[PDB]
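Listed in order, the protein sequences are those of chains A and B.
In this text, residue positions in the first sequence follow our numbering: the first is 41, and each later residue adds one.
In this text, residue positions in the second sequence follow our numbering: the first is 116, and each later residue adds one.
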Amino acid sequence: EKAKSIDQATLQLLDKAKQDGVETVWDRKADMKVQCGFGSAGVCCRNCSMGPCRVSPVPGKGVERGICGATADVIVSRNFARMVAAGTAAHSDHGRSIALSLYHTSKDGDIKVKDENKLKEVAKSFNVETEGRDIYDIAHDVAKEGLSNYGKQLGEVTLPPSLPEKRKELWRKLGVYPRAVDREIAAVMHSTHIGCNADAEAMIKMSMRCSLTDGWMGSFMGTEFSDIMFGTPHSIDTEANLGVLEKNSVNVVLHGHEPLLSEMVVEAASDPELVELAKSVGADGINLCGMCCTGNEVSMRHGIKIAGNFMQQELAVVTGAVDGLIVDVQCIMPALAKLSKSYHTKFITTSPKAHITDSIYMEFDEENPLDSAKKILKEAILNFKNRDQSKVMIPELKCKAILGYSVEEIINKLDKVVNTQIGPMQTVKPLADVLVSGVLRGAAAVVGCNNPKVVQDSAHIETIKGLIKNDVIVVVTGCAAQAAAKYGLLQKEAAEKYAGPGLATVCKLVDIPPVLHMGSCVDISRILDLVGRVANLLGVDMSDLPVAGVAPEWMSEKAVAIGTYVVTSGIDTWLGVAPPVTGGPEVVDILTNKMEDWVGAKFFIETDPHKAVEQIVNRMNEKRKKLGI
Amino acid sequence: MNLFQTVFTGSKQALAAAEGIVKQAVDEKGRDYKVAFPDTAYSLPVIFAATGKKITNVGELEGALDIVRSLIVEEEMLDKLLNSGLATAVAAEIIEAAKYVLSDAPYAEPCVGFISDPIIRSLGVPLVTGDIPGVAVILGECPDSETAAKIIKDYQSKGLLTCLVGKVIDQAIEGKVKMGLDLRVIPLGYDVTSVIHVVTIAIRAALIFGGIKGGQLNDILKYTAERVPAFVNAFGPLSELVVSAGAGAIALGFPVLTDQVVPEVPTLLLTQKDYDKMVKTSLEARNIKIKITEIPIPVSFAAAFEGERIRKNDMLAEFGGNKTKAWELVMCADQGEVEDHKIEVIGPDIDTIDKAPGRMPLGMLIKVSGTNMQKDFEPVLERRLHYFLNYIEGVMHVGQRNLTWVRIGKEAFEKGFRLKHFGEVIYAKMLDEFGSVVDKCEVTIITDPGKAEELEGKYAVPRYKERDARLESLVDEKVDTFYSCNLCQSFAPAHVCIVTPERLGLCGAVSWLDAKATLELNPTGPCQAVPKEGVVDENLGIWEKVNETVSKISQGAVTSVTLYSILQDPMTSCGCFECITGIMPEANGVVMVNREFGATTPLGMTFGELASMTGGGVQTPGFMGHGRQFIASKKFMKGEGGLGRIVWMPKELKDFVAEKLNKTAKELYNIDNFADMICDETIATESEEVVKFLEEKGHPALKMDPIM
Ligand code: SF4
Ligand code: SF4
Ligand SMILES: [F-]
Ligand SMILES: [F-]
Ligand SMILES: [F-]
Ligand SMILES: [F-]
Ligand code: NA
Ligand code: NA
Ligand code: NA
Ligand code: NI
Ligand code: NI
């Protein structure tokens, strides 16, 4: 009865999937039928073998406490904590690999330093000397100091400069100032053990402390170091959606997250031997396509075409045109191994962090990265000989998209509206001014996943379209950004098409689209860098600005960690999918009310995007009045 | 207070005032008295542009308040703010109209009051031609009568039209400035509402010139924003009403510069507290460029002054040549690494030397900061220094990098020339020429011997080495596009240079990569791309599309060019070649003489005499003008026989190319002693003597094919 998507190409292939007789993520959601209301409310605990225990989400009725004595609030808050601990760890290991790659950069090696100016500037944040030193001794000293942020047991951690000092001392008084990344993950996992913490407030506060090691450390260093090694993103053109697949080219799709592999596949797709090889098997060339975050990472830096977002990964295989599906870690549906048994596609896993049964394991040798990517790519190009062009169905649907909007590039773009003799250059002042003046009502980040509980991409598009109509500039990352890209919002033409008067004027003056694709989900750290720069420039804290974050169709534990650190940093967050918290009323009051008194923001749970847009606008105008703007 | 509410409040105040004076109107004169401005076919122009309806009697003036009420929705969205700003403007026309219905002559000089239609026509046509670059609506009060006159005379000097309204009229008459239409300084009225009489200038300008109809308000606002160049300057404390009026200027498209702290809006409402530089921010905020850049140096500056010839008997100081070490450098720098308009002379100036003409070292350091500036544009900015300096009367500049040569004359020093003026020219021209890619300029002229040495090998040489290294890799066959420059058509109209990776521009200062970059900065510039298509012969370098574009740019004076041959259809030569190649039939080769060498060559001519036999944009077989780096080129005379034809150079040319030339000799299977086989002026300078020298050394050219 309900529509499965709002994207036509997504729907066309869904029909082919039914004809071919293959399962999709929608079909498995249906097979699940009415999902257990206990786990949907968070009032089930399995933290020890006395259980499984389930208490009633309706207070006063049914079973009240678990066998150990845990209340509903205790069970909910611990389950919520372990979600943050998981998402934190996901981004943690991500940035740890990126820092390790930076430690192994050499002058003549496969991994180099590409943005010397950024490294010199990042080195100043770690108190690493740069005057007259070799650029790789600097990079190694930066990597070492960044790695210390993951497991140091003595001393304090290094935090970015755009984090307002008001917020640091706020965290200190609240007792949520971050420690080492792995050290907090262990701390949350410790207190959630049976017979440890049994207080909702203290439990949530540990979760907020954990999430800070993600946004301002794990994800932040991951992004900063990814820019140093691969290049800081700048505005770039690309095409999005499943129509980027070419029938007469070798289609290699990069799925996953960790960017070192996809960065090396891009460089491997230009080796004359591998270029000549694709021609020898009968194709026109090598057509690199990205999906999800590793697709975002290479599109921001190299404009590689974005094949699609989370709930489309199954449908790319259904086209019958994917010769290689090269995946690393995070958000690779294990169903792909069974699905690709019905097609010539070679589904190749590469990271020992994410083995998948019945896939083809080709370990990405991080000690010979380029040679290793070539070996994996050659296997994909050879697989082109096994394509059956009669069963191929590539929908004729693709949209142009502009992305590459890093903080540096937004600042660079804003310099255009600065009078040579008046203001300062290379600052975020132009954006602060249009916010203070009121031409822009606010700025909203729209991030998040896809989720079968929501018509895929429908909540993203309605939220984004509604915010830009009310003169709220919108920045996007991850699968939401790729949902904007497919729809056609990442175009300068989208301003007069969909934006209100103020946003349309700023868009024309700055020469930008109304929706800024700021990269992958570790790249959300760019959003914090941006908002923090505006707060510092206006002498205020981040809870005082008219900013907001939205997760219209989230799913991953990464999103819970992301949403939790966005709030603790001081930014109101709207969720479009109810988290499993309804069972514990104290947990609800903490996340949706008391949070305000702690950090200056709170969570909002709204499944109607049009309602959420109202709330965001009203909350912004409320905060605007408090600030006098 | 929030900025939207600050405008709304004033807008309501504007409306409230209009209701009060139109009430005076209906009591003294009834609802049927004629309402009209003098000498205007458009009745009330702001109300006419908005609604296309004319207002004749007082009852209609009272009924036109409903317009101001309809434009005043109090919602914090951008469109409502502009409309509210329009409301204040319409209420200003209402108030102003009532002034003219209560008194037959309500304005008396010095205040002009309402502007008649004939003045619009007299003043409109120079606004279209840009003879008056913009209009400056300056209202309010300056902190000092001197600071107000300083500004209005500045605008007056730029030729643009300035209109005063408010206390500044009394400050401007105190500051000795003179008003009048022919003086381009018009005072409207002392009241804030008399800004509407410059607003009716722009609106009536649309209805007359744009030919648009009344009621096409959004088409008016497009014409006012794009065509008529207005900008308002608000000085002194800003009331809510005047801020509302400022929103009206935003609605027409006019940025609002002020000295009052205010919530800025980019390109629209700005604070500049430095009055000395206020005019500059205003002109930029309205994208207004004056026809002639201002020069602080007293000596005359023009393009006609370039090419002037200064003899030894008329020169004051000489820098460069083989006599002194003189270099010029332009390098990109960080924003915080340079201070804007920072001029520094390190060493003896021209006032210190009171003796006969002497030679000083000259190091010209030029640090430039830019948001989008990059390392590939440094040679482009260096090139303009030759064109910047030679424009100055009494100074002469030739050469490129560290092989430059500068001569200053006795007239300029007798006119008070100083080394401080050098940076003043470079600072202003670099901004004027490259106003989009350049933010700040810092110029440091060095005549100190230590700092000239402590800035040549440290910043000048490494920038050149990295520069010359990026061309060494390239070969003409690898590229697919050549570039055509016509800058020197100012004195050689038929001359066009085709720059290739292996054939640099004969001035030496323009490379293939340099010519590619000049096209990126200036699409309507001198350097233009030419695709390598329709090749007829690769050995001599004849291209069909090259012949197509040379014929066009030379206006049909040249029909065919060969790039790597000097006997068949040679490329022309202008007049800035560092060296000259001349055909000697006795040696079955060619001779090369450089500019600095002043003695005779075995061709019976000196460099100045050879220069008369090659330049002028004339197709000259056997003679070519070329840069110094083109000597060691693989494609240098490839059809004739390459570098193997050279038999005579001065000793200075040998020692400078010994490393570069020996390698090209071994690349053509010539023994490393090839630089030594060439004759020089310490051996013999006559063909009778040189021939036997070439027979003794066993020169490879002697046993080549005859050249012709
Ligand atoms: S922690 Fe307590 S409520 Fe939870 S499963 Fe264990 S015994 Fe049951
Ligand atoms: S020598 Fe040639 S490239 Fe140089 S300015 Fe003159 S015409 Fe142009
Ligand atoms: F297939
Ligand atoms: F691992
Ligand atoms: F008056
Ligand atoms: F010249
Ligand atoms: Na940084
Ligand atoms: Na398969
Ligand atoms: Na409260
Ligand atoms: Ni020339
Ligand atoms: Ni010349």
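Cβ coordinates follow ideal geometry from the N, Cα and C atoms, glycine included.
Please decide whether residue 221 (chain B) counts as near chain A, where near means a Cβ-Cβ distance under 8 angstroms.
no
Using a Cβ-Cβ cut-off of less than 7 angstroms, list which residues of the region 470-490 of chain A approach chain B; keep chain order.
470, 473, 474, 476, 477, 478, 479
Distance cut-off 7 angstroms: residue 92 (chain A) Cβ against heavy atoms of ligand 1:
yes
If you measure from the beta carbon of residue 27 (chain A) to each beta carbon in chain B, is any gap under 8 angstroms?
The structure shown does not extend to residue 27 (chain A), since chain A is modelled only from 41 through 669, so no value can be given for it.
Using the Cα positions of residue 651 (chain B) and residue 657 (chain B), report the straight-line distance between them to the nearest angstrom.
6 angstroms
With distances taken from CA atoms, which of B:569, B:595, B:467, B:682 is nearest residue 533 (chain B)?
B:467
Let me know if residue 368 (chain A) comes out buried or exposed under the rule of 16 or more other beta-carbons within 10 Å of its beta-carbon.
buried
Is residue 461 (chain B) closer than 8 angstroms to residue 566 (chain B) when the C-beta atoms are compared?
yes
Residue 745 (chain B) - DSSP class collapsed to helix/strand/coil:
coil
Are the C-beta atoms of residue 181 (chain A) and some chain B residue less than 8 angstroms apart?
no
Output the distance between the C-alpha atoms of residue 408 (chain A) and residue 151 (chain A), rounded to the nearest integer angstrom.
10 angstroms
Pick out whichever of B:723, B:149, B:709 has its Cα sitting closest to the Cα of residue 436 (chain B).
B:709
The region 251-271 of chain B: positions lying closer than 9 angstroms to chain A by Cβ
none
Determine, using beta carbons only, whether residue 228 (chain A) comes closer than 8 angstroms to chain B.
no
By a C-beta neighbour count over all protein chains shown, 10 Å radius and 16 as the cutoff for buried, is residue 814 (chain B) buried or exposed?
buried
Starting from the C-beta of residue 767 (chain B), find all residues in its chain whose C-beta is less than 8 angstroms away, skip the five residues before and the five after it, and write them out in chain order.
437, 709, 711, 712
Residue 460 (chain A) versus residue 194 (chain A): straight-line alpha-carbon distance, rounded
48 angstroms
Would you kindly work out how many angstroms separate the C-alpha atoms of residue 143 (chain B) and residue 270 (chain B), rounded to a whole number?
42 angstroms
Sub-8 angstroms separation of residue 368 (chain B) and residue 336 (chain B) beta-carbons
yes
Terminal residues of the continuous beta strand (DSSP E) containing residue 433 (chain B)?
430-435
Nonlocal neighbours in the same chain, by C-beta distance under 6 angstroms from residue 231 (chain B), ignoring five residues either side
153, 154
With distance defined between alpha-carbon atoms, name the residue in A:119, A:474, A:382, A:455 nearest to residue 117 (chain B).
A:474
Considering only DSSP beta bridges, list what residue 520 (chain B) is partnered with.
B:435, B:513
Against chain B, with Cβ distances strictly below 8 angstroms, would residue 512 (chain A) count as a contact?
no
Distance CB(residue 498 (chain B))-CB(residue 611 (chain B)) smaller than 8 angstroms
no
Residues in its own chain within less than 6 angstroms of residue 570 (chain A) by CB, not counting five upstream and five downstream?
447
With a 10 Å radius around its C-beta and 16 neighbouring C-beta atoms as the bar for buried, classify residue 655 (chain B) as buried or exposed.
buried
Does the Cβ-Cβ distance between residue 706 (chain B) and residue 762 (chain B) come in under 8 angstroms?
yes
With DSSP run on the structure shown, which of helix, strand or coil describes residue 25 (chain A)?
Here chain A comprises residues numbered 41 to 669, so residue 25 (chain A) is not present and cannot be evaluated.
Members of the region 539-550 of chain A near chain B, C-beta cut-off 9 angstroms
540, 541, 542, 543, 544, 545, 546, 549, 550
Residues that residue 452 (chain A) contacts on chain B, provided the C-beta gap is smaller than 9 angstroms
486, 487
Shorter than 8 angstroms from the beta carbon of residue 117 (chain B) to some beta carbon of chain A?
yes
Would you say the beta carbon of residue 694 (chain B) is closer than 7 angstroms to some non-hydrogen atom of ligand 2?
no
Rounded distance between the beta-carbons of residue 106 (chain A) and residue 95 (chain A), thought under 8 angstroms
6 angstroms
Interface residues of chain A around residue 847 (chain B) at Cβ under 7 angstroms?
With chain B covering 116 to 823 only, the question about residue 847 (chain B) has no answer from this structure.
Quick check: what's the CA-CA separation for residue 572 (chain A) versus residue 202 (chain A)?
5 angstroms
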